[PDB]
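Below you'll find only one chain, the form deposited in one PDB entry, shown as structure tokens.
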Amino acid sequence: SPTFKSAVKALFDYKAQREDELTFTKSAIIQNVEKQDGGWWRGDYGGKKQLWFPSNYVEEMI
């Protein structure tokens, strides 16, 4: 129930390649991001919850 401020901004468009991936447009704010060190993060955007996307496509809003 504590909620983390963990947002990133998409620097490029990304189209989901698998059902568990997020699709987003450049400049999107992706929210509730969990950061992992294998090149894939997960977050919320566009009505999708906790789907995966490549970390190199975004800017961390720290």
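Numbers for residues come from their place in the sequence shown, where the first is 1.
Omitted from view is the form deposited with a partner chain bound, to which the following refers.
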Exercise. Is every one of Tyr14, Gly38 and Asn56 in contact with the partner chain in the deposited bound form, taking contact as a heavy atom within 4.5 Å?
Worked result: yes
Problem set entry | Exercise: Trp52 in contact with the partner chain in the deposited bound form, heavy atom 4.5 Å | yes
Exercise. Counting only non-hydrogen atoms and a 4.5 angstroms cut-off, does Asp44 reach the partner chain in the deposited bound form?
Worked result: no
